[PDB]
Amino acid sequence: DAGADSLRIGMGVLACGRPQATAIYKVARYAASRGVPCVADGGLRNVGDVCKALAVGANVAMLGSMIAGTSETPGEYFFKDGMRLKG
Amino acid sequence: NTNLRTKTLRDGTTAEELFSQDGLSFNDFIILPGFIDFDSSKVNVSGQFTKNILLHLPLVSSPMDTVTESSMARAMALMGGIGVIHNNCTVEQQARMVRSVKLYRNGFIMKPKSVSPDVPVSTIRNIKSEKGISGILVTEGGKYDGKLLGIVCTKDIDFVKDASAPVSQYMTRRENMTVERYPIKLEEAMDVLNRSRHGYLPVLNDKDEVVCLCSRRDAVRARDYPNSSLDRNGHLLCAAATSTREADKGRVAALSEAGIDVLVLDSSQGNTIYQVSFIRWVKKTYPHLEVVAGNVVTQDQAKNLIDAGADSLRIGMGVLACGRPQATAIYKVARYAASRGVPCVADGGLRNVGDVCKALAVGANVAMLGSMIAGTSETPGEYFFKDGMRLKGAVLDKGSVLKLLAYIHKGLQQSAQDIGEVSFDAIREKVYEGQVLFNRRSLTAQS
Amino acid sequence: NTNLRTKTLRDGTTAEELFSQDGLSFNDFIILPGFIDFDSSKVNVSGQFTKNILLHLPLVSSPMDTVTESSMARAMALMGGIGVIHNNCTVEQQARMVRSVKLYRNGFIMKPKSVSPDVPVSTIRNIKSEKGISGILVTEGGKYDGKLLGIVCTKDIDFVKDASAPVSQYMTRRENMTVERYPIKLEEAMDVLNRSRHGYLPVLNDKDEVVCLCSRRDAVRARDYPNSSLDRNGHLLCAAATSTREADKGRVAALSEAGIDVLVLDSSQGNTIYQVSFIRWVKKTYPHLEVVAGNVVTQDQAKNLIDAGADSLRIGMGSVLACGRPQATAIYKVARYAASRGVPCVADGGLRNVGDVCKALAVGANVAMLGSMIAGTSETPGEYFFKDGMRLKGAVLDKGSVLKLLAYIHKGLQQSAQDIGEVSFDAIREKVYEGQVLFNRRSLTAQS
Amino acid sequence: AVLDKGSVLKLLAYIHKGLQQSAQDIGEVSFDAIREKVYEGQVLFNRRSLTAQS
Amino acid sequence: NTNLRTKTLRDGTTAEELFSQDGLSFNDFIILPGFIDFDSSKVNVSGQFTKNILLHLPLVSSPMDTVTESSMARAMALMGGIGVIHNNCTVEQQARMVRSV
Ligand SMILES: Nc1ncnc2c1ncn2[C@@H]1O[C@H](COP(=O)(O)OP(=O)(O)OP(=O)(O)O)[C@@H](O)[C@H]1O
Ligand SMILES: Nc1ncnc2c1ncn2[C@@H]1O[C@H](COP(=O)(O)OP(=O)(O)OP(=O)(O)O)[C@@H](O)[C@H]1O
Ligand SMILES: Nc1nc2c(ncn2[C@@H]2O[C@H](COP(=O)(O)OP(=O)(O)O)[C@@H](O)[C@H]2O)c(=O)[nH]1
Ligand SMILES: Nc1nc2c(ncn2[C@@H]2O[C@H](COP(=O)(O)OP(=O)(O)O)[C@@H](O)[C@H]2O)c(=O)[nH]1
């Protein structure tokens, strides 16, 4: 109603939230009925999760942990225990 | 902002639906968010401990011998909660602990600790170390209503090497004391005390005998703890536990003399003929006393105990084959009791702020803290070092219970903000109305 | 009881034999018992931090930014130890922390905190909350040596609702104050303070200007902390760390002005030309200053740094990097050499329980440096937080007050010395070198 | 299979810097000098008890 | 700074003594520190791969088929080391990799 062009879906200080697949389905269905797409934000840890999130109503998926540690992220690389981690 | 806050779509599950299938623990469900138009500091978390006692902080220290004694009860009441002194002790010890809580904070101190002029300084030092009170009055014959001869404070004895000397040698003597004459209003007396820059102000009759005493420490405590739970006379509220045996009647009497404001019945299964008779007897004999009955987990038990005259119910059970999952128990018992005008106390399984928030939201008015506050400085027992850890006797040190209570307070406020209501009374009402909604969580969703 | 205490059979292993083989850790050996004819309360645990500073409690707080700042150094000095203010900070911050330690305890307070009459009460409350000092003097122009107008204490403002009011409204005015005139002996002034039942006693000149100030809190601190580490003027001892770069010279100057009693050099490998030159320069420029050099783990390093003029050595390296040494061996070897040259040593690293501290002191260290063992105590820097139902600090678990922990370590050291059969740790070290305090190496299996 | 360690060039540089730092702590400006002084008894070692290896 | 660097006390164990007993792994011993009068950037780490080849970087890539082929050998040589092309391959492939390097 305020005029949003898209919605970020995801929550889960500890006693308030919602399981993410249900949240995506419900919010995406309502928003789509009103012509608004949705972004799945949270709990996407592999390609199967992303596929499911898109299939049940999300138009696009937000990548956090899944892309953390790639070369293009902020931070400097360092060697520790022969592993090449990033901070 | 009613149009924005009121849910019409109502995308979620009401409490009545959530608790209608199988017994639930707190991890089985989550609370859905609502609408926010306020900052979390504005949230009211108070709940009714009993029909007539409202607690600014909906927190109660459990009556276990490892958790609540005078010090813990003092801390709870000071922060706006209350403590229940355990009954794993003699009647005399329990009454003394209650008296210690009740007489810690005062307006006019009616029986000021007093000594005779010939008492050694060592005795006053012992008083300060054990009971923690300064400004000891020295009077004729040591009676608290005797003629006032002098007063002993910190700086009068902090330098004397001979602890056997009489207090008369170092006390501030009557002829040099700022005093007031009976009768006097408390406001004026405390203003005079403040203007005098001294720590104490005796109030005497025309015979110079001690009527009562005003302490600057009381004003400072009022300043530092503005939300303390207080009775009509300015003492901290205090509760005590008891079994429902015939012997315990004597215990109750003693506690009533010590000035408890709430009696808490101690039973794993409180739906007994003994507890019903006990409640009837207490309400008959000590009408000023409010009774928290329990423990119960079902509405049938609650009905019997409320019929008996209970002013509140303790919820929780779970020798091994009988009990009930605590979230369901709280919801069911709290709903019935509320329909009959009786508040409820969640007793068990509260291990973090989220659990406490959920327990309060689904119907509990206040929450009882056991394990969560075990190991704080104010619990009974001595500290000891082992493996570089500082445990207490078998729990880890949690610091002051005051900081922990403030932490819990802020967490409850933040939870209420996320839910979208500015008080937990409003949260409970909207839960019953279906405007605060939930989601059951699959076992996998709980990771 | 010399016939009973002196060992003739000598059933055991001397330190020299024990350390003549592979490098040892503290768990590799145990100390054999001797003869007891005294109660543990009578045991003296003191050790030399440096050539000239004896510590009643042979404990030093490590100069890590997570361990030692003003509060920790104060606590250590009060209990008879000492703290080393870390150098992960600017010169100004480090100097301020040093000043906070040095000016906490005094006899005559020479630069009493003072304000002008028109200052708001809010300022006095802020002073008390931040720096923790009451008894603020109100003087002409706010000068600490200005004409004395009054004093503000806790009970003078604890009831005022308008925090913007001037202190002159509520101060105790000079005409009603007990004071003393310069000159006066500290004993007499403090007796006057005790008799007066007040918290403070200014000392003024003939013009009523402020010369200095006596605080009853200092007397109470002296009574409650009789073993505090004190310098000649009654201030707490304080130490500070610094690197050996040329820049750090400025730092040292600042620290010297702040009143440090001991400078502590900060290096993983202190046997360097830079550190030798730095020690030479400090001993030339600030002769009143004592220097703790290091870190070292071998006698050759120790020789170079003692030749340069070090007053004490920090022992430890390794307590990846292929260079270091097992800490018990390092302590024994370096301490033996340094003692032969009259220099005491500090055990720095791998001290994780009271038994380890006792062994480190027994095999030659004069004092012990505490890091991890005291991390998480209330007096360390950092903020507390609740997480997973745990009171962590930012992380480490809360260990409560360091004062109680220091007392616990003290009692443990006393009890260990009793079982060993000697009434002081100086005696233990001497008898170790003499072969009258004996050890046993422990097989790996015997360590369970 | 093995985990990705990135470019070997950066790893070689890391090893180079570590070797330099170790040589510095040992107190010699070349590894030829270290080997010679090892044979000469001027670079010294300590055997480590099994307990000292923790 | 010879007086400062040369050890006369010699508080430590020589390599000869250290290795005169049971067979040792690298974790069985540590190297004691000496004397420092230089910055780490000035340290020469070179070593002889062979009688006539000095390597600025004393590192050689092992000739395992999972480690060293043309690209790895190139990288090693560029940084001052060297690589050894594995022989789990035909003569023609190995020669081609060598040519690529
Ligand atoms: N009403 C009074 N009139 C005059 N003098 C008083 C009065 N009350 C206390 N005193 C004296 O004034 C001085 C107060 O010193 P002190 O600092 O110990 O007071 P306090 O801090 O308020 O009490 P305490 O610290 O023991 O709780 C003492 O000598 C005390 O005997
Ligand atoms: N030497 C003095 N002469 C006269 N009045 C004094 C003197 N020292 C303090 N006072 C006043 O006596 C009263 C002391 O009250 P207060 O309890 O706050 O001081 P304190 O207990 O000694 O130290 P604190 O500031 O830490 O409380 C104040 O009114 C103070 O101005
Ligand atoms: N002089 C003085 N008395 C106080 C103060 N605060 C509370 N009291 C009173 O001190 C009394 C202590 O009771 P007490 O005789 O010691 O009970 P007991 O522990 O059973 O011996 C109580 O009656 C309190 O009312 C204070 O600040 N100063
Ligand atoms: N009025 C008062 N001054 C004190 C007391 N204790 C110490 N002082 C002195 O108060 C001074 C504090 O100096 P300060 O202004 O905090 O240092 P700054 O950081 O440079 O401003 C020091 O000179 C202390 O010696 C006390 O109890 N009362």
Side-chain angles (χ1 to χ4, degrees), chain B residues 70 92-93 95-97 99-100 102-106 108-115 124 127-128 130-139 142 144 151-155 158 195-202 210 212-218 220-221 235 258, chain C residues 92-93 95-97 99-100 102-106 108-115 124 127-128 130-139 144 148 150-158 167 170-172 174-180 192-193 196-202 210 212-218 220-221 235 258-259:
Chain B
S70 90
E92 299 56 35
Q93 304 162 352
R96 186 153 47 250
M97 279 183 290
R99 227 184 300 126
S100 169
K102 289 297 297 179
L103 292 176
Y104 171 79
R105 258 199 58 172
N106 298 293
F108 291 124
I109 306 181
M110 297 317 309
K111 299 210 177 143
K113 185 67 191 226
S114 302
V115 301
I124 282 198
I127 283 172
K128 176 55 171 163
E130 289 184 5
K131 298 152 150 227
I133 74 194
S134 185
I136 284 50
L137 298 192
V138 182
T139 72
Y144 62 76
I151 192 179
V152 189
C153 296
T154 310
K155 287 173 181 97
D158 57 359
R195 287 173 11 87
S196 77
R197 314 266 144 99
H198 287 281
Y200 302 85
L201 180 76
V210 160
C212 63
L213 177 62
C214 294
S215 153
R216 195 185 204 96
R217 273 149 180 294
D218 268 325
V220 153
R221 286 165 202 156
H235 309 142
Chain C
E92 297 43 46
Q93 309 172 22
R96 180 177 342 289
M97 311 212 246
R99 269 184 267 114
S100 277
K102 292 296 298 181
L103 312 175
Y104 173 70
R105 184 149 150 174
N106 322 62
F108 293 134
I109 298 164
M110 303 303 317
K111 270 157 137 172
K113 192 103 199 74
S114 86
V115 306
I124 305 287
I127 286 166
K128 177 93 162 86
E130 308 178 305
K131 313 222 192 170
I133 70 193
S134 192
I136 307 330
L137 304 192
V138 188
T139 62
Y144 58 89
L148 174 53
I151 186 173
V152 183
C153 293
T154 298
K155 284 176 186 105
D156 287 287
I157 69 174
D158 58 358
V167 298
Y170 305 96
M171 69 177 169
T172 299
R174 190 251 163 290
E175 50 265 26
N176 311 337
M177 298 178 48
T178 297
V179 311
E180 271 288 357
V192 156
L193 191 69
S196 86
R197 307 297 201 269
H198 280 126
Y200 297 90
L201 176 72
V210 163
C212 75
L213 176 65
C214 300
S215 160
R216 182 183 287 248
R217 287 180 174 71
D218 282 318
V220 188
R221 292 193 227 308
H235 305 306

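Below, read A as the first sequence line, B as the second, and so on, with proteins coming before strands; counting in each chain starts at 1. Whatever order the structure lists them in is the order used to number ligands and atoms, beginning at 1.
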Seminar exercise, completed: Note: ligand 3 atoms sitting under 4.0 Å from heavy atoms of B/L213 are 1 (N), 2 (C), 28 (N)

Exercise. Are the side chain of B/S114 and the backbone of B/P112 linked by a donor-acceptor contact shorter than 3.5 Å?
Worked result: yes

For this session: For ligand 2, find out whether one of its N or O atoms is nearer than 3.5 Å to an N or O atom of C/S134.
Result: yes

Exercise. Does ligand 2 have any atom that is closer than 4.0 Å to a heavy atom of C/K128?
Worked result: no

Exercise. Taking only heavy atoms of C/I136, which atoms of ligand 4 are found under 4.0 Å from at least one of them?
Worked result: 1 (N)

Problem set entry | ligand 4 atoms in contact with C/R96 (distance to a heavy atom under 4.0 Å) | 19 (O)

For this session: Could you tell me whether B/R99 approaches ligand 3 through its side chain, its backbone, both or neither, with non-hydrogen atoms closer than 4.0 Å?
Result: side chain

Seminar exercise, completed: of all protein heavy atoms, closest to atom 9 (C) of ligand 3 is B/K111 O, 3.5 Å

Exercise. Who's closest to atom 3 (N) of ligand 4 heavy-atom-wise, of C/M110, C/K113, C/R105, C/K128?
Worked result: C/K113

Exercise. Within 4.0 Å of atom 13 (O) of ligand 4 (strictly less), any protein heavy atom?
Worked result: no

For this session: Please state which part of C/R217 comes within less than 4.0 Å of ligand 2, counting heavy atoms only: side chain, backbone, both or neither.
Result: side chain

Exercise. How far apart are the closest heavy atoms of C/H198 and C/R216, and which atoms are they?
Worked result: O-NE, 2.9 Å

Problem set entry | Closest approach of C/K102 to C/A258 (non-hydrogen atoms, all atoms of both residues) | CG-O, 3.8 Å

Problem set entry | Nearest neighbour in protein (non-hydrogen) for atom 19 (O) of ligand 3 | B/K131 NZ, 2.7 Å

Problem set entry | Min N/O separation C/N176 to ligand 2 under 3.5 Å | no

For this session: Looking only at protein heavy atoms, identify the closest one to atom 28 (N) of ligand 3 and say how far it is in Å.
Result: B/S134 O, 3.0 Å

For this session: Mark up the atoms of ligand 4 that fall under 4.0 Å of a heavy atom belonging to C/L103, in ascending order.
Result: 7 (C), 22 (C), 24 (C), 25 (O)

Seminar exercise, completed: Going by the 4.0 angstrom heavy-atom rule, the piece of B/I109 near ligand 3 is side chain

Exercise. Does B/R217 have a non-hydrogen atom less than 4.0 Å from ligand 3?
Worked result: no

Exercise. Under 4.0 Å from any heavy atom of B/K155, which atoms of ligand 2 are there?
Worked result: 20 (P), 21 (O), 22 (O)

Problem set entry | atom 27 (O) of ligand 3: the protein heavy-atom neighbour that sits closest, reported with distance to 0.1 Å | B/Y200 CE2, 3.5 Å

Exercise. Which ligand 2 atoms does C/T172 reach within 4.0 Å, using its non-hydrogen atoms?
Worked result: 5 (N), 11 (C), 28 (C), 29 (O), 30 (C), 31 (O)

For this session: Assess whether salt bridge (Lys or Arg N to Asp or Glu O under 4.0 Å) is satisfied between B/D158 and B/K155, documenting all intermediate values.
Result: CA-CA 5 Å; B/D158 57 359; B/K155 287 173 181 97; over 6 Å; no

Exercise. Hey, which atoms in ligand 2 end up nearer than 4.0 Å to a heavy atom of C/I151?
Worked result: 31 (O)

Exercise. Quick one: does C/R216 get within less than 4.0 Å of ligand 2, heavy atoms only?
Worked result: no

Problem set entry | The one among C/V138, C/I136, C/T154 that brings a heavy atom closest to atom 27 (O) of ligand 2 | C/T154

For this session: Consider every N or O of B/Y104 and every N or O of ligand 3, then say whether any pair is closer than 3.5 Å.
Result: no

For this session: Before signing off on this row, confirm whether C/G135 and ligand 4 have an N or O atom pair separated by under 3.5 Å.
Result: yes

Problem set entry | N/O separation below 3.5 Å, C/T178 to ligand 2 | yes

Exercise. Against heavy atoms of B/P112, which atoms of ligand 3 measure under 4.0 Å?
Worked result: 3 (N)

Problem set entry | B/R221 (side chain) donor-acceptor with B/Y104 (main chain) under 3.5 angstrom | yes

Problem set entry | Steps toward side-chain contact (heavy atoms from CB on, under 4.5 Å) verdict (B/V138, B/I151) | CA-CA 6 Å; B/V138 182; B/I151 192 179; over 6 Å; no

Exercise. Would C/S215 and C/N106 count as having a side-chain donor-acceptor pair, cut-off 3.5 Å?
Worked result: no

Seminar exercise, completed: For B/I133, the ligand 3 atoms with a heavy-atom partner under 4.0 Å come out as 10 (O)

